């Protein structure tokens, strides 16, 4: 059975854990419990292929920035999450992508840009600006909501397809 090592990254508060818990448990976490590092191994069917998703839910707190090198070396694809109502989280995406490229020593790393919290009306990052950033990276861009489940399945499955298509 093929395994896909997925890593969810992004600034503190963007909804990394809420996206992961919505994907696996089908419910929305309203609480904010900062993550250190959690892992989930889930069997799923994607495009008729039974596979194992090994998902790492990482810390956004800049205090745990030393743990990044290890998960960037082992991770096969990265879900780079920003929140559409947090401009700092959108600007921080560049730092996550640069560090991934440096650790992998490659500009072609499976990655998906995710604009989370699309259910909120307090938007500060234009969809067009995020689309333009993802185009400049050569990667897919998907808007998601861990509350409504909009784009959640699409974001994770698109990342698996990027790992499967880089292969």
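Residue numbers count along the first chain shown, from 1.
- Once the C-alpha B-factors are averaged per stretch, 79-87 and 93-101 rank with 93-101 first.
- Stretches 28-36 and 112-120 differ in mean CA B factor, with 28-36 having the higher one.
- Set against one another, the Cα B-factors of 125, 51, 142, 139 in the record reach their highest point at 51.
- Comparing C-alpha B-factors across 59, 130, 46, 55 in the deposited entry, the largest value falls on 46.
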